[PDB]
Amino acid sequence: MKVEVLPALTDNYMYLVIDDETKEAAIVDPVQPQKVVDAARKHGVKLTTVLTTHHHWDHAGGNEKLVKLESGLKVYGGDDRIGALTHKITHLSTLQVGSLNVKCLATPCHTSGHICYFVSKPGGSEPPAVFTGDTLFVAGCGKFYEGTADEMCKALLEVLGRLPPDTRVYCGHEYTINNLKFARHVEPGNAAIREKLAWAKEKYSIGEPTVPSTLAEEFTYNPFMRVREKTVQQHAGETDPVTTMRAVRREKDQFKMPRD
């Protein structure tokens, strides 16, 4: 398996997921289709599938066009608002990309139709990948536009959180630095935050993406993934993960980003 990170718009990431065995590939959130087709040509792969994390235009807005550029494409998504949708899927739906196995995980909150795609190589020895759209970011999470703190708690801790720790996290946007500046405010004594921020500033400095991260890593520095930790709860002044989730999300929403 190969995952090529493709920057789009201002801070979006599209992901070309390649099956080495068959050369078949899937494209996650193809908002800039010519860019997808170029990457597909560059890697010599055959694009057969579109995996849409949610209906927000910055993620699904290129589906109509890509389908006119490439025939035969199967467009997956868990929301009728997604353009050019061909295969409406739900929690635990599965599909294959060549030899790769894709498991659809419903993570409603950011949007009610949000789907994260867990991709693995059956029998393989390579770590799997999870495409988390605007549900889980590196050190952050999406705003709760169509959902509650309870829903995000379930998405992050019970659905994504139970995937293997070595799962690579490929999220919707390049928000890592700001996410970590917020994480640093929530837990000033947490060194994993501070070192991941040093690392992200350096990547930013040289024009390289901060994805992927791993789930084990998110449990060390992402305040939303750490709503069960006593340090995060005490910062919020709560004693359960759902109310801590609600408080930390509201806090992040009004947080003024420091310049360093």
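Just count from 1 along the sequence shown to find any residue number.
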Should the higher mean CA B-factor in the entry be assigned to 157 to 165 or to 122 to 130?
122 to 130
For 29 to 37 versus 201 to 209, entry-based mean Cα B-factors point to 29 to 37
Check the PDB entry and point out which of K181, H173, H110, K88 has the largest C-alpha temperature factor.
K88
If you check the C-alpha B-factor for each of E21, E251, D11, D240 in the entry, which is highest?
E21
Sorting the chain's modelled residues by C-alpha B-factor and splitting them into thirds places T231 in the middle
Can you tell me whether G142 has a C-alpha B-factor in the lowest, middle or highest third compared with the other modelled residues of the same chain?
lowest
For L92, return the chain-relative third of its C-alpha B-factor as stated in the PDB record: lowest, middle or highest.
highest
State the tercile, meaning the lowest, middle or highest third, of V75 with respect to the CA B-factors recorded for its chain.
highest
Once the chain's modelled residues are ordered by C-alpha B factor and cut into thirds, is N190 in the lowest, middle or highest one?
middle
